[PDB]
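Colleague: generate coordinates for the sequence data below:
(5 chains, ligands or ions: 2)
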Amino acid sequence: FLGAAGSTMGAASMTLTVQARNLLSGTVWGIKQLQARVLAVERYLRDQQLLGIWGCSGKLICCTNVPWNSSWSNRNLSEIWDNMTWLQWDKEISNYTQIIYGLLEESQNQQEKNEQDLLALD
Amino acid sequence: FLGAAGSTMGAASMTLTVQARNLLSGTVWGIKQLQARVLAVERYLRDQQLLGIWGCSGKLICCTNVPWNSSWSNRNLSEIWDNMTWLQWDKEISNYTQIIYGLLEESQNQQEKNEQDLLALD
Amino acid sequence: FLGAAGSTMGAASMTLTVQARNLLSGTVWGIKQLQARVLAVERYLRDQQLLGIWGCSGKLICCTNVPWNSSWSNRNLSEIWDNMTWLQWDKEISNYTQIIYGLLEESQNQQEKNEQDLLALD
Amino acid sequence: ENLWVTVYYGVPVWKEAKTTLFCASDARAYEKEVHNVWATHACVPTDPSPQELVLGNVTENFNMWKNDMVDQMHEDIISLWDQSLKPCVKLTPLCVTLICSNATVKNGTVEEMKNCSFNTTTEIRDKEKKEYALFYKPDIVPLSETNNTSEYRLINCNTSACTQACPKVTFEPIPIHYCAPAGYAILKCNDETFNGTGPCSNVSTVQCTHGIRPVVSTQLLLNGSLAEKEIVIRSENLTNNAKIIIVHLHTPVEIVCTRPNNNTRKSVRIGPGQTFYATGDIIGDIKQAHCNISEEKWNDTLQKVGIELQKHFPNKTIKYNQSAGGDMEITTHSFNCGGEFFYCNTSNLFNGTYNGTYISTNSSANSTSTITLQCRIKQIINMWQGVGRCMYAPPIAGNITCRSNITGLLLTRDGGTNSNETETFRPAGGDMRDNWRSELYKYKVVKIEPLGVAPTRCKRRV
Amino acid sequence: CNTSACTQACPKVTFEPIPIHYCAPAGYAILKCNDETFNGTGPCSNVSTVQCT
Ligand SMILES: *[C@@H]1O[C@H](CO)[C@@H](O[C@@H]2O[C@H](CO)[C@@H](O[C@@H]3O[C@H](CO[C@H]4O[C@H](CO)[C@@H](O)[C@H](O)[C@@H]4O)[C@@H](O)[C@H](O[C@H]4O[C@H](CO)[C@@H](O)[C@H](O)[C@@H]4O[C@H]4O[C@H](CO)[C@@H](O)[C@H](O)[C@@H]4O[C@H]4O[C@H](CO)[C@@H](O)[C@H](O)[C@@H]4O)[C@@H]3O)[C@H](O)[C@H]2NC(C)=O)[C@H](O)[C@H]1NC(C)=O
Ligand SMILES: *[C@@H]1O[C@H](CO)[C@@H](O[C@@H]2O[C@H](CO)[C@@H](O[C@@H]3O[C@H](CO)[C@@H](O)[C@H](O[C@H]4O[C@H](CO)[C@@H](O)[C@H](O)[C@@H]4O)[C@@H]3O)[C@H](O)[C@H]2NC(C)=O)[C@H](O)[C@H]1NC(C)=O
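Modeller: Residues are numbered from 1 along each chain as shown, chains lettered A, B, ... in the order given. Ligands and ions are numbered 1, 2, ... in the order given. Structure as follows:
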C-alpha cells in the first residue's frame, strides 16, 4: 500500500496506482458501520470532482497550463525531485495549495471555453 | 453558488465549475441524516453516468454529433443565446429532452463502434 | 436490460450502454434498505476505479497495449467472435483475468509515464 | 527552462485524524451460535494477511496517551455491552424483604456465605410463593432502621435497577482486530525501546491490527501480550505522581486462581416465563477462594521492575506497598474468571523492596514456594460507574480454574512526603481506558490524502 | 404464564395478505424460469428477466 512512503519523489513516481486502488472494504453492522461504508466514497468523489474539473479525467500524471510560481518553493527542480520526499513537502506547500486550486480552476475553465473557438471553427 | 441564475445564457456560460463543485456537506446523526448523506451522491453518479456514456468524460462544455432539430426551438441561435435565460428555456425544452437523450445515446454508441473501424486499421 | 444475453459476441457488441445505465432504484426504509441504497454504488465506483486506472475514462470499447497471449484461449479470433456467447467464455477465461488485470495496470502506468517523456520534449 | 505545476495522484501523504473504525474477529468465535458472542455475528471476518509492510525511510510521531482509539474503543465497549444485556430479565422482582440466616458458625472461624429466603411473584400475579437461595456477602445489606439483624436487602434497590446476564452469552476474551475503513492506514510503531511519546524511527503499516484481548482487569493485566525484548515502563510524565504508570513485562508471571466450593445452580422463576438463577446448596465442605503465584518468579520479576524504575530514578531505591484504600472495586485486584467476578487482596504481592542488589534468585533451588492471595466473590457488579450499573452475574456450577499469565502491572508512586530516598510505589486502580491503552500503544491511524502537487517541465497542448 | 409473555395485536393492524413484490436493488437481475413443467432442479431452458417479481 505505502511502499513509496519516505523515499524520494522520483522513486515514488511509480506504484501510484496501488495507492489509488485501495478504497474498498467491509460488511455492514448497523448505522455506524454503514457510516464507515459511506466511507471515503464521498472523499473519492471529492477527489474525482477536483481532478475532473481540472481537466484530468481519470487519475494519472496530469500536468497543467499554469506556470509554477517560484515563490511557492524557490528551489530548483532537480534538487527537489531527486532528493525530497513528499511528507515535509506537503507540510510546506500547504501555504499555497488553495490559490493553486483556484488557478487550476480558472485555467482549466478558460481553456475549455477556448475549445469552442476551435470546435465552432471546424 | 448561483450567480449565473437569471442572467442570459452567454453571461451564464462561466462560473459553471462553481455550480458543479458544490456537492459536499455534513456530519452524521442517525439513519435520516445518513439518508441525507447518500445525498446527491446517487444523483452525482447519475449525472456522471449520463455524461460519461455521452462521451463527455469529465464535465465540460460538450457538443455532440447530433444535429439540432429546429422543431425543438424554432428560434435563431443568436436571439436565444444572447437574450434568453436557462430557466424558462428548461421549462419549454422539457418537451424534447428525452428523445434528445436517446439520440445522444445512439449517436455516441455508433461513433464509439466506428472507433474500431480506425482503431483496428492502424 | 439483458437483450444481448445468450446471443453471440458480435450481436452482443451493441446495447452495452443499456446494461451500463441500469444502476438506479429505490426509496429508504431503515438501515437494511439504506444498505441496499449504498447499492452497487461501491460496485459502480469499483468498476470506475478499474477502467479509469486502465486509461478508459468513460466506459467504452477500450482496447489496450497488452498483446493477447494465445495461451488464454488458443482459439482463433473469428471463431470466438462470430459464434461464442460470453457466459461460458467468462467461466473459462476466469483462469486468466487476474494476471490480465496486473498486465493492464503495469502497461497503462508505463504508457502514462511515457506521456512525460514526450510532453517534456515540447 | 520554464516550469509548470503538475498534479500527482496516488501519493503517500498522512494526517492524523479521527475516524470510525471496524471491528474484525478471529476464528475462535465462528464455531458458536449467532450472537454467542458478538464477534461471531457482528464483527467482519478477519484475514491473517498481509503482515506488517515494512517502510524503507519513514519518520513518524507517536503520541500514545492522546491516541483517540482508546475513546473509540471505550465508547464501543460501553455501547456494545449495554446492548448485550437488553433481552434478559431486568430483575426488579427481587427488591424484597429478605428474612434470613440463623447464627454464624463459630463466630467467623469459617469461609462464610449467607443463606436467605424471600417472596417472589410466581407465574400467577397475586399468588406469590416463598423461595430460598444463597448469596455472597457483599451483595446483602442490613435494612432495618434499628440495630435489628433479622431483615436484609440486596445491595441494589438504593442504586439503579439491574439485569441478569443471560446464560447464552460468554465472557471469554475473544480477540478483536481493529481495521480502519478504506482510505485510512494503520501505522505500527516498532521502536523496541519506545517509551510512549516522541518519534518512532522504524515504522510500518498494516491493513488491520493484530488481535487485542478486551479482558477487564484492574491491577494486573491478565492474558496479555508480551514485550519483545525487556521490561518497559510508560507514563504521560513521571513527575506527576497522580498519573498512572504502566509496567510491561517480558517474562510472563503465571497466575492460577480457583474457587473450589462446588457451587450448584438453581433456577427460580419470576413472573411470566423468564427465569432467575441463584446459588443452591453447596455440595462439599466450603473453602476459601484464592489465587496462587510462584514466589521466585514474582521476586525476580519485581526486582527487575525495580531496576527498570531505577533507570528513571537512579538517585533512589525502590519499595512496594499495599493499595491506596478506598472501596472494594478500587482496593482489590478484580478480574473475571469463567463466569464469576473474582476480587483478590493484593497485599502479599506488594510487600518487597529493591536496593540495587539483584539477589541470586534464579535458577531455581526449590520450586515449591508459592504465594497465596485471599479472594472474595461477588455477583452484583457495579460494573462501570454511572452506566446503568448493576449486572447480575449468574452463578456457575462446578469448580473452576483460570490459569493465566500476568503481563503488566498498574502502579502509582506514593503521595507521601519527608523526602524519602527509597521512594515507594503502590498498585494503582484500573480505569479500563488504562487497561486497554496498555495493550494498544503500538498503533496509530492516519488519514490518507492521495492528491498531490509539484513542479515539472510540462506544457499541455491547446 | 408457563411460556413467555404475550402481547395483543392492536385493532389498528389487519392480517389480510397484502401482496408483496420482491425487487432486487439496482445492479442485480431477477431471472424467471418459464418451463411449464420445471420440476424444481436442473436447468430451465426458457428463461426471462423481470425488474420486480
Ligand atoms: C437455606 O435456608 C432455607 C430456609 O430459609 C432452607 O430451606 C428450608 O429448609 C427447611 C428446613 O429443612 C425446610 O423445611 C422442611 O419442612 C418439611 C415440612 O413440609 C411441610 O410443608 C409442605 C408444603 O405444604 C407440606 O406438603 C408438608 O406435608 C409439610 O406440611 C419437612 O418435611 C422437612 O424436614 C424433613 O427432613 C428433616 C431432616 O432434615 C427431618 O428431621 C424431618 O422429620 C423431615 O423428614 C420427614 O419427612 C420426610 C418427607 O418430607 C420423610 O421422607 C422423612 O422420612 C421424615 O419422616 C419423619 O416422619 C416419619 C413418620 O412419618 C418417621 O417415622 C421418621 O422417623 C421421620 O421422623 C423440612 O423441615 C424447607 O422446606 C426449606 N425450604 C424450601 C423452600 O423447601 C435451606 O435448606 C437452606 N439451605 C442451606 C444450604 O442452608
Ligand atoms: C476441580 O478441582 C479438582 C481438584 O483440585 C481439579 O482436579 C485437578 O486438577 C489439576 C490441574 O492441574 C490436575 O493436575 C495434574 O497435574 C499434572 C502435573 O503434575 C498433569 O500431568 C495432569 O494433567 C495431564 O495428565 C493427566 C494424566 O495424569 C491427563 O489426564 C491430563 O489430561 C493431562 O494430560 C493434571 O493436570 C489434578 O490431577 C486434578 N486432580 C486432582 C485430584 O488434583 C479439577 O481440574 C478442577 N476442575 C476444573 C474444571 O478445573
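
Colleague: which helix or strand lies directly C-terminal to the lengthiest strand in chain D?
Modeller: If each strand of chain D is counted by residues according to DSSP state E, the longest one is strand D:245-258. Proceeding N to C from strand D:245-258, the next assigned helix or strand is strand D:265-269, under DSSP states H and E.

Colleague: identify each buried residue in stretch D:262-276, please.
Modeller: Of all the residues in stretch D:262-276, those buried under the rule 16 or more other C-beta atoms under 10 Å in any protein chain shown are D:263, D:266, D:268, D:269, D:270, D:271, D:276. Bear in mind the C-beta positions are built from the backbone N, C-alpha and C, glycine included.

Colleague: need the max-distance pair from the residues you listed.
Modeller: Using C-beta to C-beta, the two most remote members of the buried residues of stretch D:262-276 are D:263 and D:271, lying 25.5 Å apart.

Colleague: so which of the buried residues of stretch D:262-276 would you say is closest to chain C?
Modeller: When the buried residues of stretch D:262-276 are compared for distance to chain C (C-beta to the nearest C-beta), residue D:271 comes out closest, at 32.0 Å.

Colleague: now do the SS call for the closest one.
Modeller: Of the three states, residue D:271 takes coil under DSSP: H, G, I helix; E, B strand; the rest coil.

Colleague: ok, it - contacts?
Modeller: By C-beta atoms under 8 Å, 6 or more residues apart in numbering or on different chains, residue D:271 lies in contact with D:93, D:121, D:122, D:123, D:125, E:5.

Colleague: 10 Å - rerun?
Modeller: D:89, D:92, D:93, D:120, D:121, D:122, D:123, D:124, D:125, E:1, E:5 (C-beta atoms under 10 Å, 6 or more residues apart in numbering or on different chains).

Colleague: now swap in residue D:28 and tell me
Modeller: D:39, D:40, D:172, D:174, D:175, D:211 are the contacts of residue D:28 under C-beta under 10 Å, 6+ apart.

Colleague: so the fifth one touches residue D:26, yeah?
Modeller: This means residue D:175. Yes: contact criterion C-beta atoms under 10 Å: residue D:175 and residue D:26 qualify, at 4.9 Å.

Colleague: what is in contact with the two at once?
Modeller: What both residue D:175 and residue D:26 touch, as defined by C-beta under 10 Å, 6+ apart, is the set D:39, D:46, D:210, D:211.

Colleague: quick check: the last one vs ligand 1, distance?
Modeller: Read it as residue D:211. According to C-beta to the nearest ligand atom, to the nearest Å, residue D:211 stands 43 Å off from ligand 1.

Colleague: ok, residue 29 - how many residues close by?
Modeller: If you meant another chain, say so; for now it's chain A. Neighbour count of residue A:29, defined by other C-beta atoms under 10 Å in any protein chain shown: 18.

Colleague: wait, I meant chain D there
Modeller: Residue D:29 has 18 neighbours, counted by other C-beta under 10 Å.

Colleague: check contacts around it.
Modeller: Counting by C-beta under 10 Å, 6+ apart, residue D:29 makes contact with D:36, D:37, D:38, D:39, D:40, D:41, D:43, D:170, D:172, D:174, D:175.

Colleague: which stretch of helix or strand covers the first one?
Modeller: Element membership for residue D:36 (DSSP H and E) is empty, with no helix or strand holding it.

Colleague: number of residues surrounding the nearest residue to it once chain neighbours are set aside?
Modeller: Sequence neighbours aside, residue D:168 is the residue nearest to residue D:36 in space, at 5.7 Å (criterion: C-beta to C-beta, 6 or more residues apart in numbering or on different chains). By other C-beta under 10 Å, the residues close to residue D:168 number 13.

Colleague: which single one of the contacts of residue D:271 is nearest to residue C:5?
Modeller: Lowest distance from residue C:5 to the contacts of residue D:271 (C-beta to C-beta) belongs to residue E:5, with 53.1 Å.

Colleague: roughly how far apart are that closest one and residue D:120?
Modeller: Applying C-beta to C-beta, to the nearest Å, the value for residue E:5 to residue D:120 is 16 Å.

Colleague: and the closest residue to residue A:29 other than its chain neighbours, what is it in contact with?
Modeller: The shortest distance from residue A:29 to any non-neighbouring residue, by C-beta to C-beta, 6+ apart, is to residue D:42 (4.4 Å). Neighbouring residues of residue D:42 by C-beta under 10 Å, 6+ apart: A:27, A:28, A:29, A:30, A:33, D:23, D:25, D:34, D:35, D:80.
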